[PDB]
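Residue numbers (the working numbering), protein chains in the order written: chain D, 7 to 43; chain Y, 193 to 583; chain A, 1172 to 1296; chain C, 707 to 749; chain S, 562 to 611; chain X, 2 to 69; chain L, 3 to 92; chain P, 47 to 105; chain F, -16 to 245; chain R, 7 to 99.
Below is one structure, written out as C-alpha cells; comments come after it.
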Amino acid sequence: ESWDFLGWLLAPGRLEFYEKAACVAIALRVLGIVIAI
Amino acid sequence: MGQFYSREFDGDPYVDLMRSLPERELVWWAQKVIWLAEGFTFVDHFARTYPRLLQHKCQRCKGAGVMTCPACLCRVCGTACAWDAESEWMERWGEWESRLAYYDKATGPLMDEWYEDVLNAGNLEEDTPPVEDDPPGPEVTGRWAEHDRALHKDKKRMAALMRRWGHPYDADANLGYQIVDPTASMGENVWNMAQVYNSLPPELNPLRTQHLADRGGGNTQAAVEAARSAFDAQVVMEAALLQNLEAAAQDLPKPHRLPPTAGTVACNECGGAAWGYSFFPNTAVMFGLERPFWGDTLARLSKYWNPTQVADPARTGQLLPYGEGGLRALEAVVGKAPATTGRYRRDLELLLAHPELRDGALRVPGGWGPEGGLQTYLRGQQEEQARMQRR
Amino acid sequence: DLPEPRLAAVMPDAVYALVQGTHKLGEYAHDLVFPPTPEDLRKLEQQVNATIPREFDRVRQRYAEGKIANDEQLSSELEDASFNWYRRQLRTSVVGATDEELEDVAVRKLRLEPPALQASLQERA
Amino acid sequence: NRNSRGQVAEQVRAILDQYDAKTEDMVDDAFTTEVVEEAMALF
Amino acid sequence: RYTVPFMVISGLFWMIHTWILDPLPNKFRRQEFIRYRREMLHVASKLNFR
Amino acid sequence: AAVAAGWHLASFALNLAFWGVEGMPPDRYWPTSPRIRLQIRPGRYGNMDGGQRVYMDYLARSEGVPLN
Amino acid sequence: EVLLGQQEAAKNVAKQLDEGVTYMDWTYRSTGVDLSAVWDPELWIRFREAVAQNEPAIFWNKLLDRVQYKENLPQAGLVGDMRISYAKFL
Amino acid sequence: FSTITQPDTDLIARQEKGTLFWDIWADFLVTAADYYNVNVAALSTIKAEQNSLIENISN
Amino acid sequence: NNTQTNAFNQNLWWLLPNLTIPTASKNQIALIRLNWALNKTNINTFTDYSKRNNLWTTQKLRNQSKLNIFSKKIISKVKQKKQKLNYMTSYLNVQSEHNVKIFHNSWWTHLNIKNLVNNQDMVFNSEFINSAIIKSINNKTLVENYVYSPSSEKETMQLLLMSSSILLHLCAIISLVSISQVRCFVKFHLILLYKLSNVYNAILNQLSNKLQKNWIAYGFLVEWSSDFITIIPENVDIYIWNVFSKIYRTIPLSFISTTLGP
Amino acid sequence: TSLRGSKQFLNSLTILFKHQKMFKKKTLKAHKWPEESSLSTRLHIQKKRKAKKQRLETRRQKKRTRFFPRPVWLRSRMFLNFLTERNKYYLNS
Ligand SMILES: [Zn+2]
Ligand SMILES: [Zn+2]
C-alpha cells in the first residue's frame, strides 16, 4: 500500500514543474497556430 | 530568446531554420529545458532505486538489530526511555501542548480578524443590534441562572482578559500576524519562519533574556539555553523517528539504528547495525523473494511453540516438567488487578466524592498528582472558600 | 501533462470523470441489454422520496404541479430548504432531535442501547 | 469524523471564507449559521 | 517492476514535450506551414538538384 | 590482511614492470583511439562554426596550455 | 451499440468467473507474467464499487492513500522522541 | 564509450525534423521545377517565392 | 522554489539568517527545527482546490449577482449538505473526499539527520554481509554433480557471483546512459564541470604563476547545442583509453595466478 | 494563582448553544439515567431576525453574510482556550 515510486513522481515540487512545463508548452503551441495571419 | 543568430551557430540546417522562426527557437529552448529535467528525473530515480538492490540485512535479527533480553524475558537490557515513566506522561504532554499552542494557526483567520478589530477600532457593518437582555436578578437557584449570568458577564470579562493579557499577536504568544500563509510558496514561509526567531516559542527565544547578559543571573545560557537545546534535540529525534517509520512502511530497512531499549539487547552478530550495503546485489530484493510465505511462517511458529517429548516420563524417571524448584473471590471471578494503575486512585476517589467535578462547564488542565488538574482545582476551591470567610 | 491551473485539482477531476463515465457507460448498456420495466417508476420513487427529508415539502408542493418556480427562484428556494435542513441537522448533532440530551449523546455517541433485534424481529417480522 | 488540527484549520478558513417571509413559517432552527459553524469549528 | 518506471517517466515527459509542445503529423500539411518560405529561401545552399 | 594486500601489491608491481608501451606490437584490432575502433564521425547536425573555437579551447586545456 | 437483449442465467456464472479480473491469479499459468504480484485487488474492488454506486470518493480516497502514504504517517500525538521501550510496551 | 558518445535528445530531434524539412519536403524541387523555378536568386526577396508557394497551394 | 525537488536545495538552507557539537551540526539541527515548525502551524493540509473548500466557499461564491430533474437537484443539494455536516459534525454514513496535499508534505524527508543520529561529528559496523554471502556460497554451492562434484567448486561459485555482480552493475550503468535525456544530463554536467574547472585553473595557475620561486554564444550555447563528438579532442579519448588499458593490463596474469594457486 | 478550570468558563458547547443559539422543545420521556419563558422569547427574537434576513431588510441585502458585531460569548471562550493552553508552561515538576 506504500506506492513509493508514484508518491515520488507526483511529489508537489514535481507537480509544480509539470504545471509550469504544461503552461509553457500550451503557450508555445498556441503561439504557432495563432501566427496564421 | 533572440539567440542563435551569430556566425557561431552557422552550419546546422535546423539552426538555419530557427534563425527566421522565433516560435521554433522558443520551442527548442523549452524542449531542451524539459529534456534536461527528464534526464534529472531518470538519474534521480536510478539513484533512489538501485541502492535497494544492495541492501542486505542480518540473518540472525532479521534486520532488527535488537533481540529479546536473555535474562528476565536487569542490568543487561537497555536503559529504558524518557517516555516509559508513566508518572510524567501528563506533565510531558502538557509542556508539549503548551509549546505547540505557539505554532498552532488553526484559529488563524479568527485571530487575524480580532487583530484587525483591535488595530482599527472604527468598524462598521453591524446592521442589527443584538437584543440579548436577560440577566434576571441575583436571586433564584439552579444551573440555568448561574450559566446565564456567567454568559452575560462576557463583555466585562473579555475586557479584563484584553487588559491583563492583550492580543496574543501583540505579546508574541502565538506566531503573530500573517507570517505563515498557505498557498503562497514553500520557501517564503520558510524565509518568514527563519526571520528573527519565529521557529522558537518565547520561553526559548534568545532575544528575551539577552538583557540579563550581565553575570548570567537567571541562567540565560544555562537554563534557557539548555531548554532550547533539549527542545531542538527532541524535534530532531522526532524527525528521525518519522524517517524510521517511513522506511518501515515500505518494508525497507530503517536508516537510523537506535540503541537497545529496556526489553532488548544488541544483536549477537551485528551489534546493532542490522543491515548494510554491499557490492553483491540482494537476490531476495531482486526476483521478489524477500518476504517468507505465510504458511511457512505458520509452520515455523507452530513447531516452535509446540515442543514434543519423544521419551515417556516413566522409563527416564522424570516426574516433573523442565525447570527449577519443581515441587510446589479474586483472579477467577473478576480477573487480575491493574498494575500500571494506582497513581490515579486518589483522583478517582475524589471524582467519586465530589460529583460536581463532572460538570460540563469545568475543564481542568489534566494530571494525576497533587499538583495538576483535579487536586489543583479542589485545592483552589477550598482555598477560595476558606479565604471568603475572612473577607 | 494536463490542463494548466493545478495538477492537484485536475488529477482528482480526471479520476472522478473516469469513474462517472464508467458508471454512465455501465448504465445505458444495462438499459439496452436490460431495458427498464415499471422499475423506472418504482425504484426512482418511494425509496428516493423517503431519502428526501422535511423542509422540502413546501418547495415540492409549490414548484411541482401546484405553482411555477421560474429557474433562479427554484434554485433560491432549493438553497433555502437545504440550509433549513442543514441547520436542523446541526441542532440534531449537538442537542439532539426531539429527545433529551441523555439520548442525544449518552446512548447515541456512547454506543450503548444495542440495536433492536428481538423486538424488531418478533413484533415486526 | 474527527478532524485533525490541519483539517480544523481548513474548516476555520472555509467557514471564514464562504459568504464574501413571515416569522411564523420561519423554521424553529433559525439560528445564525455562520456563528454556529464557527462555534463548532472551535470546541 | 524494474523497467516500467522508466517508461512511465518517459511517457509523462513525452506528453509535455511532444504531445502538447511540438506535434508532427504526416500527409498533406501545406496550408499549415509558413516554414516553406524559409525552406525555399535556402535551396541553393542545399544539395545540387538531382 | 598482509596476504591480501600482498596480492594487490603483486598485481601493482606486475603493472609497474609493464610500465609503458615498449615491448608491445601495434594491434590492428585495437587502435589507440576509440573513434578509430568504432565508427564515430560528426555530421551535418551538431557541427557549427563556433565549435571550432570551443574545440581549440578544449584541445588547449587537454594538451595542458593556458592560452584559451 | 446493438439492441440484442439476450437473456441467460449462465451470465451470472460468467460474471462470477470474472473474479480473475479481481485477483489476477490466472495470469502466470496463462501468460507467464505473475500480475498478482503487482495487481491490487482491494483497489480494483473499490473502483468497481465506486463505478457501481457513482461515488468516486470510494476509489479516489484509496488511490490517494496509496500514493501519499508518507503524509498518512502519524503526525499527531507523536511529538518529540515518542519511544517508550520494548519492556514498557510489553 | 559508444553508448555515452551518442546523440542526445536535441541532436536526435534535430535529425528527424531536419530530415522531414530539408530531406522529405524538399522534394518540392521537382514540383517547382516542372512548373517554374529560377533558383539561385530564389533566395532573398525575389517575390517569385510567394507566387511559387501560392501556385503550390492552388496546384 | 525553483530547485525544490533536487539535491541542490540543501545548499540554500545554509544561507539563511542565524537561526541558532560543531557549529555545522548546530546549524543543521536548527534547520531541522525550522522544518519541524511550519508543520506545527497546521497549514500544510490546506488546499484552495479541496472539495471541502468547494463545499462552502465556491458554493456561496458562485451564485453571486449573476428521478426527473427536481428530485435530482434535491438529492444533490442534500448530498452537498451531508458532506458539509460530515466535515463539521458527528454525522453518520457519510464518506469524505480527500485532497492532494501540496504544501510541506514530508518535512522529515529533505533532511540529513543521519550524521547527527549515529553520533558522528561528536566523537554500527557493516561487512558481516559479504562474509555471510560467501559463507552461504561455500556452504551450499549447488553441487556440480554433472562434473561429479569437482574439488574446486566453491571457487567456481565465487567467481560466478563476482562476475554476475560486476556485470549487473555495468549493465545497469550502460542501460541508464542509453537514455538520451540521461545523455543530455551528462552533457550539461560536463559543461558545468568544464567551466568550473576553468575557474579553478584560472585561480590556481594564476597563484602558482605569481608565486613562481617564492555572451551566451561562448558561454554555454554553442557547447549545449553541438554534438559533443565535435567539441571534444581525440586527445582525451586516447588518454582515457590509455589509462584504461594500463589499469587492466595484468588481468590475464592475475587471473591465472589466482586460479592456479591453492 | 496557578492554572485550574472554572465553571464560569463554560467549556460545554451544549451549554453555550442551549443558552444562546438553539431554542427548541423536546417531547419524550427519559429512559437511561431551563427558564422556558426566556427560551421562548429568545426563539421568537431568533425567528424575527431570520425573517428580516430572509426579506433582505438589512443593509447587507444578502440572506446570509458575516456579521461584525462579533460574538463576545465566542471570542472570549476562544481566548480562554488559548490562554489555558499556553499557560500550561507553569505546570512543570
Ligand atoms: Zn542481527
Ligand atoms: Zn532483561
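Every residue, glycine too, gets a C-beta built ideally from N, C-alpha and C.
Can you check which of these residues, the options, is closest to residue i by C-alpha distance?
i	options	result
X:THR33	F:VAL226, F:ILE96, F:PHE211	F:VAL226
Y:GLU283	Y:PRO557, Y:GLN577, Y:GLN574	Y:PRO557
X:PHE13	F:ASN1, F:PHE(-9), F:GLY244, F:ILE234	F:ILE234
Y:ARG216	D:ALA28, D:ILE41, D:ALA17, D:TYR24	D:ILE41
F:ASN(-6)	F:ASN95, F:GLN47, F:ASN197, F:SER132	F:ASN95
L:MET84	Y:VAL502, Y:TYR569, Y:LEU433	Y:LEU433
R:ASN17	R:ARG76, R:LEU49, R:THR90	R:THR90
C:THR729	R:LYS13, R:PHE23, R:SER44, R:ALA57	R:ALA57
L:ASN74	Y:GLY559, Y:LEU437, Y:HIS546	Y:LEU437
F:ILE174	F:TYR74, F:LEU204, F:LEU99, F:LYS65	F:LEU204
Y:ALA342	R:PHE15, R:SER8, R:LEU9, R:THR7	R:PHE15
Using a threshold of 8 Å, state whether the C-beta atoms of residue i and residue j are closer than that.
i	j	result
F:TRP90	F:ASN18	yes
L:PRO43	L:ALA52	no
Y:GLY270	Y:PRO452	yes
X:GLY52	F:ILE214	yes
F:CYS167	Y:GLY231	yes
P:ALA72	S:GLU600	yes
S:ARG590	P:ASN102	no
Y:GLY455	Y:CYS250	no
residue 156 of chain X	Y:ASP204	Residue 156 of chain X lies beyond the range of chain X shown here (2 to 69); nothing can be said about it.
F:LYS84	L:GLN70	yes
C:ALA720	F:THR72	no
F:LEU38	F:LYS65	no
L:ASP20	L:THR29	no
F:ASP220	X:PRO35	yes
Using the C-alpha atoms, what's the distance from residue j back to residue i?
i	j	result
Y:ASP304	Y:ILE371	11 Å
A:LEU1173	L:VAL40	26 Å
F:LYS60	C:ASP726	21 Å
D:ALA31	Y:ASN381	30 Å
P:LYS63	P:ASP56	11 Å
Y:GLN577	Y:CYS273	43 Å
P:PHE67	X:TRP31	40 Å
Y:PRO473	F:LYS55	60 Å
R:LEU97	Y:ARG583	29 Å
Y:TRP497	Y:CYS264	19 Å
P:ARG60	D:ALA28	22 Å
D:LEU12	L:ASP67	11 Å
Run the CB neighbour count on residue i, radius 10 Å, all protein chains shown included, and call it buried at 16 or more, exposed below.
i	result
F:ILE112	buried
F:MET105	exposed
Y:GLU200	buried
A:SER1253	buried
X:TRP20	exposed
Should residue i be flagged as near chain B, meaning a C-beta pair shorter than 8 Å?
i	result
R:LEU34	In the displayed structure, chain B is absent; the protein chains listed are D, Y, A, C, S, X, L, P, F and R.
Self-check item: Chain-ordered residues of the segment 45 to 61 of chain L with a beta carbon less than 9 Å from chain F
Solution: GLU57, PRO58, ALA59, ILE60
Quiz prompt | chain F contacts made by the segment 1212 to 1223 of chain A, where a contact means CB separation under 8 Å | solution = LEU1215, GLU1216, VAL1219, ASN1220, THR1222, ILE1223
Practice problem: Taking a Cβ distance cut-off of 7 Å, strictly less, list which residues of the segment 1261 to 1283 of chain A are near chain C, in chain order. | Solution: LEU1261, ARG1262
Exercise. For the segment 285 to 305 of chain Y, enumerate the residues whose C-beta is nearer than 7 Å to any C-beta of chain C, in chain order.
Key: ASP296, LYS297, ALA298, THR299, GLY300, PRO301, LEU302
Quiz item: Relative to chain F, which residues along the segment 209 to 239 of chain Y have a C-beta separation below 7 Å, given in chain order?
Solution: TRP227, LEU228, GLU230, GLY231, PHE232, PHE234, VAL235, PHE238
Exercise. Return the residues of the segment 18 to 47 of chain L that lie within a Cβ-Cβ distance of less than 8 Å from chain D, sorted by chain order.
Key: none
Exercise. Taking a Cβ distance cut-off of 9 Å, strictly less, list which residues of the segment 717 to 731 of chain C are near chain Y, in chain order.
Key: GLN717, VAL718, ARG719, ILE721, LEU722, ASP723
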